[PDB]
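Participant: Sharing a structure, written as structure tokens. Questions coming.
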Amino acid sequence: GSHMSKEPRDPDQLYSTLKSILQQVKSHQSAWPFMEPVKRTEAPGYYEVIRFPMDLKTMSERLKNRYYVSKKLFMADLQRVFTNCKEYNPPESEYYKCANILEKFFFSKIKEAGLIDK
Ligand SMILES: CC(=O)/C=C/c1cn(C)c2ccccc12
């Protein structure tokens with residue numbers, strides 16, 4: 001019929017698809033606040049604000065073997081990464097910058113892969 005691009009294709013393609021998005025999002029210069037692991041009190045205001053701390057170092061870990069195969073599961077965590085930084089980081093900081101730049105890249109990429117869910 002026509003072209004709308006707004007629906008994943010089976011868990012097989014979607015699986016590696018999330019693995020590709022992470023490969024780019026993580027490889028993106030604006031991913032160091034999530035790619036590498038963070039300390040425990042190195043973040044200005046952590047634990048007592050982030051209900052579910054998350055980072056890219058954990059996604060690729062499970063996504064590698066078999067975990068983020070769904071569209072909402074991956075989007076939830078990944079989206080939790082961009083907001084988590086934006087959460088404990090003030091309005092003026094490099095953490096938010098790279099998090100807002102990569103987050104923009106993420107939404108666009110998924111917007112084209114008919115992903116996104118919650
Ligand atoms: C994106 C996220 O959920 C958590 C990021 C950080 C957690 N900690 C403890 C940090 C310390 C420094 C910088 C970033 C973080």
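Order determines the names: the first chain of the structure tokens is A, the second B, and so forth; residues in each chain are numbered 1 upward, and ligands are numbered 1 upward as they are shown.
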How close does chain A get to ligand 1? List, as CSV, each residue of chain A within 6 Å, its nearest atom pair and the distance in Å to one decimal, counting only C-alpha atoms and all ligand atoms.
Facilitator:
```
residue,atom,partner,partner_atom_place_in_ligand_line,distance
A:33,CA,ligand 1,14 (C),5.3
A:34,CA,ligand 1,1 (C),5.5
A:38,CA,ligand 1,10 (C),4.6
A:39,CA,ligand 1,9 (C),4.9
A:40,CA,ligand 1,9 (C),4.5
A:41,CA,ligand 1,9 (C),5.4
A:42,CA,ligand 1,11 (C),4.1
A:43,CA,ligand 1,11 (C),3.3
A:46,CA,ligand 1,9 (C),5.7
A:53,CA,ligand 1,3 (O),4.1
A:54,CA,ligand 1,3 (O),3.9
A:55,CA,ligand 1,1 (C),5.0
A:81,CA,ligand 1,1 (C),4.2
A:84,CA,ligand 1,3 (O),4.3
A:85,CA,ligand 1,1 (C),4.5
```
Participant: I'd like to know which of A:65, A:30, A:70, A:79 is closest to residue 99 in chain A, using only C-alpha atoms.
Facilitator: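 Once distances to residue 99 in chain A are computed over only C-alpha atoms, the minimum belongs to A:30.
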Participant: Any idea what's packed within 9 Å of range 93-98 of chain A, counting only C-alpha atoms, ignoring anything in its chain fewer than 6 positions away? Could you give it as a ChimeraX atom specification?
Facilitator: /A:29-33,82-83,85-87
Participant: What's around residue 73 in chain A at 10 Å? Count only C-alpha atoms, leave out sequence neighbours fewer than 6 positions away in its own chain, and write the answer as a ChimeraX atom specification.
Facilitator: /A:67,79,116-118
Participant: Counting only C-alpha atoms, figure out which residue out of A:4, A:113, A:63, A:50 gets nearest to residue 19 in chain A.
Facilitator: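 Comparing A:4, A:113, A:63, A:50 against residue 19 in chain A, the winner is A:63.
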Participant: Identify which of the residues A:78, A:48, A:6, A:89 lies closest to residue 21 in chain A, counting only C-alpha atoms when measuring atom-to-atom distances.
Facilitator: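 That would be A:78, the residue with the smallest distance to residue 21 in chain A.
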Participant: Using Å and a single decimal, report how far CA of residue 105 in chain A sits from CA of residue 37 in chain A.
Facilitator: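 Going from CA of residue 37 in chain A over to CA of residue 105 in chain A, I get 21.3 Å.
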Participant: One decimal, in Å: what's the spacing between CA of residue 115 in chain A and CA of residue 36 in chain A?
Facilitator: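 Answer for the CA of residue 115 in chain A to CA of residue 36 in chain A separation: 25.1 Å.
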